[PDB]
Amino acid sequence: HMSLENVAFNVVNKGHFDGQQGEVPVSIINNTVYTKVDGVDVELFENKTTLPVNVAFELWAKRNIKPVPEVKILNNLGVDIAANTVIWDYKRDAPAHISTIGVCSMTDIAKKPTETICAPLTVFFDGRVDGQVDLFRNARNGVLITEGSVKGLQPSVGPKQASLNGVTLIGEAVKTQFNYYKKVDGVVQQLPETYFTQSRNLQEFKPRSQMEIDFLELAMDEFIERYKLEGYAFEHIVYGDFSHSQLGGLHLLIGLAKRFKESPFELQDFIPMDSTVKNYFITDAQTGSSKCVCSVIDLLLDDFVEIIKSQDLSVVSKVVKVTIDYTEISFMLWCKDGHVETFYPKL
Amino acid sequence: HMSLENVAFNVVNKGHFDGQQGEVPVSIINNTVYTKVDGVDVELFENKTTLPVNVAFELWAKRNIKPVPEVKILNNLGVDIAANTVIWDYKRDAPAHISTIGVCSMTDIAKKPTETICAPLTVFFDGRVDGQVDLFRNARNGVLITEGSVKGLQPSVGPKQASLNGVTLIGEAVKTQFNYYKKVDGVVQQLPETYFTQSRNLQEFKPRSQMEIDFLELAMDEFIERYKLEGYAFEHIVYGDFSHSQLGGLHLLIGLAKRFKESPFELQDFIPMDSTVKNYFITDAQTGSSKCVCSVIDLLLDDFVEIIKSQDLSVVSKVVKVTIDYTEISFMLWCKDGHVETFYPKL
Amino acid sequence: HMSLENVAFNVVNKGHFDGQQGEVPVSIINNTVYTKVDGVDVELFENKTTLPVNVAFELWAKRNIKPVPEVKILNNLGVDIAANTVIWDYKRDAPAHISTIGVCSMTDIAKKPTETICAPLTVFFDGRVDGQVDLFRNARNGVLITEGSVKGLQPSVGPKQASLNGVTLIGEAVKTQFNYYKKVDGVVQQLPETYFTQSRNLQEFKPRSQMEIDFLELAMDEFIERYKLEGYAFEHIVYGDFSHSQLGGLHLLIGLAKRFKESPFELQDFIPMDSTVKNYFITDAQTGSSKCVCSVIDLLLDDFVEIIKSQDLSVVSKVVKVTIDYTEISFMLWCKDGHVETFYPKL
Amino acid sequence: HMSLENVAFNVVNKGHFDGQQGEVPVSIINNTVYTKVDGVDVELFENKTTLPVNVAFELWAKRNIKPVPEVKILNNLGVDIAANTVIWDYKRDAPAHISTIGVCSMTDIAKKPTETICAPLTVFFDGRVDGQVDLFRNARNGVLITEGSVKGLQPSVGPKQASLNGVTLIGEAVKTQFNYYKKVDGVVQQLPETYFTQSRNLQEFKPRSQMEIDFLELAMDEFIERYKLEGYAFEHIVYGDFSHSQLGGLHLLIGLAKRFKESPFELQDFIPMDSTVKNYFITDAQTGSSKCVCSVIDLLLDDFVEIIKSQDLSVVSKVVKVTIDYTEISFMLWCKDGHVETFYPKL
Amino acid sequence: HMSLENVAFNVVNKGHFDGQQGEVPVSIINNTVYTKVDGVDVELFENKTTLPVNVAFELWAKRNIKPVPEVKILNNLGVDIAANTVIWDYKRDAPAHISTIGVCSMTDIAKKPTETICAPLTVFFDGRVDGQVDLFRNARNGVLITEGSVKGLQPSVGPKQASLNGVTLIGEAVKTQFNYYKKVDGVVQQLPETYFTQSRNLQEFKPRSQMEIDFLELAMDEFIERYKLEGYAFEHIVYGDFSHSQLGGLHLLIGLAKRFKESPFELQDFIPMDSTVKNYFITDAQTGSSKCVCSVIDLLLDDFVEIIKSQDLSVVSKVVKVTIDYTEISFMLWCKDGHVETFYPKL
């Protein structure tokens, strides 16, 4: 009993697809799903995806309503498809993966992940569901997450935050902390040591360390002198330069939150997706300084201090590679006469 | 168990909605219903109505597949809604009635015709299905059709033709003649004597009397001397005039079939509906004569002769009323010095 | 003189349809109405309804611009259609009624309300317009509102608030208090005693009594000792749990406005319509507690105290029926020993 | 240099994509591709597929313009994808396969068929292109066609007809006979003996044997006594019944061509796809007989004689399986007292 | 090398069209441009204009990213078209001019502005670009801006603000101040002395003079006794009435900012375009007072004092004409005895 009228029945009552039988009338007109309640037409879902309106409406109702990792983590890892679930990308208002495994007949490429066609793809397994760990041991390419320890496998601790119904949080009523495992062509691989982005928003910005709390409250000269950050060009990289028509650096999200309270500005996210590094079109409303492409990243200020602390100051320029979110990020370093000029993520 | 996937299942197998259980996948995209046979998408229904695509697709599958009266007949009687069926207008690619009675929940204004809301509306009953003759006796306003006799009621013989799956024919494997009955505000009415339009096409024209067979084969002069049709202006009304820029006459359809096979021409309907009187935009192509609005009717040539040979030729102008297809049609008659100039349907 | 160019002329000049003669050019393209001002195209209306773009544009221009009752009041009463006006539901962005009476030819089912087809429907009359009271006395089925007294009829005091151009307010420059009358099948009926929802928003929440002002400011323990609310489970019903992954109660809007400046959260109004009881998908940040369906209501805290302090605490649990907004709402109490456990609106 | 303006340039000049380099302006508006020639807008492509309008326009321009096998042949063999070409389905106005191999970046799943992802899929290879035969030897699952002999493999002769630009013909300026080869999981298979459907239209029917020519010219009784078909029920199954409301047989298409020229009728082709067996909704316009689902097949009359003259007439009911177009078709046989009643394709 | 794939490549990399070679795949579906990044579809542009989706996407990518005058300034002047650039109207989400000169082949009416067809139109020239100035000396109708002095021409100082990427600002990193010139049929014309609209928003309002700062902070009686504003009706024109169901005056944007802080209200911009005078549908909360059309303007409070102080208060009915933003605005002044009643911009 998989029908459009039954899916809309679960949306009306339970809020999501709960497997409850029952039917309600439905009207389809221009990427919008309507229903009739007490004689009036009520909107239920507006298709913003590249799929038909009835297919996307069914995938949205069968979304995962539990804490799941963020899309950028699943994309930095070679994940291609999900197993017996739907991971909804709330930033794109669309699914994160276009094919399914035993969820929607229109998008199903297979009923079970062990089928022959699922071999070259990297399947995502959720250890919190029964029998998923056994299938991961029998899969060729895959990624597994668990809340605890799995016997015989070396775990890699994940980030402290996770997405719940589109809300990134560090849960205390739930876990949001996962152990990560990965197999490639049957061989379990060692995930390297890495940093993690904090995934914070400009508005409702909150510090997470004593060094951060000092950065928001203290002045520019006061913060540099106390934390011995001289000759490291924190004025240009973090604070940013608004003196000329072109904006200088300003490549830390912590540098945006401090400027936002004292002087608002305009951001253009011309590539609206979830990535470790983001590029924005910035135009300072107070001075007039601007820059077409501005690569910004959200690292903990302590971690950025630790990274810049361990680099050579002799060479004029050199490529620096740092593993963040299970992937290598390339930085460009400029040095002149014992001090660094700029240090930004490479384009 | 009403659902979109179940309706498409009956369309794939039985061709129409037969009440068989089973589901098949469906894709909705831009007023078009698709299904997945094997592994390819197949078109099934193209919405050309003013209704949502999923609603019109269900009404089309639940159409009546038995000989039913034509739309122009039901419109002339003032029928407002059908009872427990759907009469599909094949000329408009849309239903003939928008509201339903116990057919589709989205369009159902009632579940039984005896409910209070259906009192002022003219309900159409089909006596060929059980129990309809009792509801007609208990209905305030309704129309009844049968194949035989009904006790205690005076019948009125209908036309010899009917529409079966969009094809108008005079059936011999089935019966297409119906006895008509009508009630208004509780009172049974006496239906008057009337003429019937033959409802024939242009390219596939067929005569239905010896006078018609003689009209097609014989020339203009020899058909007027025989049958004695002088002074009634059959050269203008039926044959038509192509000498000047404006076309003259041509109002009997049988004059179109004769001219069509000897020299084609163009026709624009610009009002595509089923009416007793049709207006066309005609261009002669051969000579260049044309007319914006040309009122055309399809009567048996014997009946048109009987109508014209029953008027007073003394007056100069007079409005004439004729009952055709259970409705009064108005004609304009011009007479000069004891003979007729023109005699066309009023606009 | 009803036309599209004329209606757009009134929209450009007067703002709404004022009946002023004049025309302006119009361009229609994908549910959007454009006009040319100084040589550039300007958007005027975006069709969000299930109606054609030109029909919905005319109904929106002819909307009622005076204080009118809220849609939930008109729906709790058996109101079906409006008489010589258009009540615009500012939620859903669509009219509240789909048929009209002498307003728009496309939607008009009649010109005057006393026509035969309007008898079984419950018509809404506005006593502030001339002659409406007389029609209500001859309406058989209808609902009437007045600012003063009608001789020979027993009035029922309505709520203090009303909607003006979509804004719910308690007007002092105008009068938003109305006397309510209702007739069924010719018989005037007695409207029962009822409570009224306050119709407030989360943001810009404002108390309306001393007990409410004490709720926002005082702590949880101090507000229960005072006002004497022990054993009545205001901790679970109003305050909320937030401790065990699934949210406890939180069934009062006053309970959501306190959680505001303390811990923001997310709300999903998966059925966007105006109802006396609303169901939200809540997911609280910071902790991670959530719940699929949460029935919330916005009563005055004094009224909820008056309701809960008049029940029997002996039974294990029964069903309680209370009248709010001229309709009965079912509550699900729960008791154990000499105290109550939960008391929530029934699904 | 792949671009929309370059593709449209080849469509304007060469007719199809020839890779000639050059650009012309293009306009996209509602599933239609326009171009500007001398200042006026000209339509070039109307999207009727389930793909974006710009993607389908590129696949249509890169279609194969050489004699290729029909889609029903490729479907019966289970072909899943084509190699370095695009097979256009002219009946569906859409490609026969959705994914591509080194043709269009939006649809390309691989650059060469030898990649790992293409292993489980049945790839189609055209031996008329250079290095395609070598890839078929190294392919796990594939289908090979050629005009001559390949050494080391046993060939299977195909049908005499093929599709050229949507026209099915038996060419003499080109060769439409192909040798068929197939591999599954590495092992080459032996294709069984089979019959072939002639793929003929109704309005342009042409006989292909002396028995067919005698069938069209001679009468019913005269064609039965000669060739001797006394108790095999060719007086229906091929001719048809037409006596009652339900139609008898008509299952040979050649029986439709004989009836069509003597009396037209209506045919509804729901599920419009290219299949070995087609189901039509037929309504005889002369008598009124009809049938919802009528299974029709197009075999040479000699072949159908060879099949029916090779069964056991003793049993009452028996399921018969015949290999036609490289697939097994099921038939229902009814016999009574030494003769055959009906013999139709199983639904 | 003009192509859709190359334009999208510059948008992904540089943010705007920079003339960089390279292509990326693109999908078009329902007024939205998509691209494939790491295997997922990402939205890049949503067509809100009256142009095809592919043409508007190219015009938006080629917009001017430098400080340019506002739309109302160019519209108050006779500007019809721009030369070798695209001025994007951010309030309408559409270009300010619909034809181009050497920018987009679909919209190019000419390559260079000196062509014959560009003579009767008023072309916009940017003196900051090489050339341009010399073309203005050889143009028949045009408008020229510059940062410095042009020898032999009398300049006119423009406003102190301009738009940069849709942000109106008084730049100190950039100049944002321009000299204005204009020619009509070959004759240079003298621009009159004018006032300038401040172009400020409501929610983030900021004073710009000592008199304004005193207006926000001080009370109504305190601000009128000082600055001698008795008998000039500043209580009705600027402050507002809010007493009698219909709002009185309130025609200064400075009057809205004061009321918005102390009591929010609703505004309908039923004509969303950039004009010197705006008309809003205002409904004040808490009171219920409203007005269909309320003409508002944003002048410096010192300026409005300077205008009202230099008028004759003895007469009624006269019509006052003031030059603001290079165009004359008509005011209606009402007087009674030795004081003025109202003074608003005329409808």
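Quick summary incoming for the structure in this document.

Below, the discussion takes up the overall build of chain A. When helices and strands are tallied, chain A shows nine helices and 21 strands. Put simply, 47% of the contacts in chain A that link residues at least 6 apart link residues at least 24 apart. Summing over all exposed atoms, chain A offers an accessible surface of approximately 16,000 Å²; the carbon and sulfur share of this is 49%. Here chain A carries 34 positive and 45 negative side-chain charges, and the mean point of each set is 5 Å from the other.

Moving on: the pattern of salt bridges. Within this structure, the stated rule accounts for 62 salt bridges over all chains. For the salt bridge of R92 of chain A with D89 of chain A, the shortest nitrogen-to-oxygen distance reads 3.3 Å. By relative accessible area, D89 of chain A is classed as buried at 5%. Here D214 of chain E and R226 of chain E are joined by a salt bridge, their closest N and O atoms 3.3 Å apart.

The interface is formed by 24 residues belonging to chain C together with 26 residues belonging to chain A. The contact between chain C and chain A buries some 2,000 Å² in all, and 59% of this surface belongs to carbon and sulfur atoms. Per-residue buried area on chain C facing chain A is highest for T50, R92 and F270 of chain C; these three make up 23% of the total on that side. Across the chain C-chain A interface, the total number found is zero salt bridges. Applying the counting rule to chain C against chain A returns seven residue pairs in polar contact. Of the residues forming the side of chain C that touches chain A, the biggest block, three residues, is contributed by strand 17 (residues 278-284) of chain C. Taken together, the residues of the side of chain C that touches chain A break down into nine nonpolar, 11 polar and four charged.

Moving on to the environment of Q190 of chain A. For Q190 of chain A, the position within the fold is in the loop between strand 15 (187-188) and helix 5 (210-217). Between the alpha carbons of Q190 of chain A and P155 of chain A there is a distance of 9.0 Å; along the sequence they are 35 residues apart.

Further remarks concern the environment of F9 of chain D. Residue and element names in this part refer to chain D. Its location among the elements puts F9 in helix 1 (residues 4-13). A C-alpha to C-alpha distance of 53 Å links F9 and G240, two positions 231 residues apart in sequence. Among residues more than four places away in sequence, those in contact with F9 are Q21, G22, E23 and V24.

Residue and element names in this part refer to chain C. Relative orientation of the contacting elements helix 1 (residues 4-13) and helix 2 (residues 53-61) amounts to 40 degrees, with a least axis distance of 10 Å. Between helix 1 and helix 2, the interaxial angle falls into the category oblique. In the packing of helix 1 onto helix 2, the handedness of the crossing is left-handed. From helix 1, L4, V7, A8 and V11 reach across to helix 2, where they touch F57, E58 and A61.

Our focus in this paragraph is the pairing of strand 21 (residues 339-345) of chain C. Residue and element names in this part refer to chain C. With five bridges connecting them, strand 20 (residues 327-336) and strand 21 associate as antiparallel partners. Bridge pairing links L333 to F343 in strand 21. In textbook terms, the turn of a hairpin is the stretch between consecutive antiparallel strands, and for strand 20 and strand 21 this stretch comprises two residues, one of which, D337, has a positive phi near 60 degrees.

Residue and element names in this part refer to chain A. Tracing the sequence through the fold places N64 in the loop between helix 2 (53-61) and helix 3 (71-76). Looking at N64, the relative accessible area reads 18%, which means it is buried. Within the local environment of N64, its side chain forms a polar contact with the backbone nitrogen of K66, the two atoms lying 3.0 Å apart. Leaving out residues up to four positions away in the same chain, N64 has contacts with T85, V86 and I87.

A few words on the packing of aromatic side chains. Under the defined criterion, the tally for this structure stands at 59 aromatic pairs over all chains. On the numbers, 6.1 Å between centres and 90 degrees between planes, the contact of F260 of chain E with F265 of chain E is edge-to-face. Here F260 of chain E falls in the partly exposed class, since its relative accessible area comes to 27%. Residue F265 of chain E is classed as buried on the basis of its relative accessible area of 14%. Three or more aromatic residues joined by ring pairs form one cluster here, namely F215, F223, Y227 and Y239 of chain A. In this structure, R63 of chain A is placed above the aromatic ring of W60 of chain A, and the distance from its NZ or CZ to the ring centre is 4.4 Å. Of note, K62 of chain C hangs over the ring of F17 of chain C, and the distance from its end group to the ring centre comes to 5.1 Å.

Attention now moves to the sheet that holds strand 16 (residues 265-268) of chain E. Residues and elements named next belong to chain E. The strand order 16-17-18 describes an open sheet built from three strands, whose pairing is antiparallel. Strand pairing shows two members of the sheet lacking a second neighbour, strand 16 and strand 18 (290-296), which therefore form its edges. The sheet shows a mean angle of 35 degrees between the axes of neighbouring strands, direction not considered. In this structure, strand 17 (residues 278-284) lies alongside strand 18, joined through five bridges in antiparallel fashion. The partner of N279 across the bridge, within strand 18, is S295. With respect to the sheet, helix 8 (residues 253-262) is in contact with strand 16, strand 17 and strand 18, its orientation differing from that of strand 16 by roughly 145 degrees.

Turning our attention to the nonpolar core. Formed by 44 residues in total, the largest nonpolar core has its most connected members in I28, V33 and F57 of chain A together with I28, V33 and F57 of chain B. For this core, the secondary-structure elements that each account for two or more residues are helix 1 (4-13), strand 1 (26-28), strand 3 (40-46) and helix 2 of chain A together with helix 1 (4-12), strand 1 (26-28) and helix 2 (53-61) of chain B. Beyond its immediate stretch of four places on either side in the chain, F57 of chain A contacts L4, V7, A8, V11, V33 and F45 of chain A.

The rules we used
- Bear in mind the residue numbers are our own, running from 1 along each chain as written, so they may not match the entry, and residues with no coordinates are left out.
- Here the convention is simple: chains get letters from A, ligands get numbers from 1, in the order in which they are written.
- Scope of values: limited to the chains shown, which are part of a larger assembly.
- Note: side-chain values were computed over all heavy atoms of the structure, leaving out hydrogens and water.
- Runs of E in the DSSP output that reach at least two residues are strands. Runs of H or I that reach at least four are helices, and both are numbered from the N terminus.
- Throughout, a contact is declared for two residues whenever any of their heavy atoms are within 4.5 Å.
- All accessible areas in this document rest on Shrake-Rupley with a 1.4 Å probe, and a residue is counted as covered only by the protein chains that are shown.
- For this count, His and the chain ends are skipped, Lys and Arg are scored as positive, and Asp and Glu as negative.
- Every charge is mapped to an atom, namely NZ of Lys, CZ of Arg, CG of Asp or CD of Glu.
- Each salt bridge in this description consists of a side-chain nitrogen of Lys or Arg and a carboxyl oxygen of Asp or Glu lying within 4 Å of one another.
- Throughout, exposure labels follow a simple rule: accessible area from a 1.4 Å probe, protein chains only, divided by the maximum for the residue type, with under 20% read as buried, over 50% as exposed, and the rest as partly exposed.
- A 1.4 Å probe defines the accessible area here, and the buried area is the portion of it lost by two parts on being joined, summed over both.
- In protein, a polar contact requires one atom able to donate a hydrogen and another able to accept it; more generally it is a pair of N or O atoms within 3.5 Å, and residues adjacent in sequence count only if both atoms are side-chain atoms.
- Just so you know the grouping, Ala, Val, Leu, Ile, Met, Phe, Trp, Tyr, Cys and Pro go in nonpolar, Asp, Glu, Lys and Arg go in charged, and all remaining residues, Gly too, go in polar.
- Only the stretch in contact is used when a helix axis is fitted, and all axes are lines through C-alpha atoms; the angle between N-to-C directions ranges over 0 to 180 degrees.
- Roughly parallel refers to an angle under 35 degrees, roughly antiparallel to one over 145, roughly perpendicular to one between 65 and 115, and oblique to any angle outside these ranges.
- In this scheme, a crossing is called left-handed if the near helix is turned counterclockwise away from the far one by less than a right angle; it is called right-handed if the turn is clockwise.
- Pairs of strands are assigned from DSSP output, requiring at least two bridges between the strands.
- In this analysis, rings of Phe, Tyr and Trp, with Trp reduced to its six-membered ring, are considered paired at centre separations within 6.5 Å, and the interplanar angle assigns stacked below 30 degrees, edge-to-face beyond 60, and tilted for intermediate values.
- For a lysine, the NZ atom is tested; for an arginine, the CZ atom; a charge sits over a ring if that atom is within 6 Å of the ring centre and within 35 degrees of the ring normal.
- Nonpolar cores were defined as sets of buried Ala, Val, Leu, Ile, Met, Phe, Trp, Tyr and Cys residues, with membership established by side-chain atoms within 4.5 Å.

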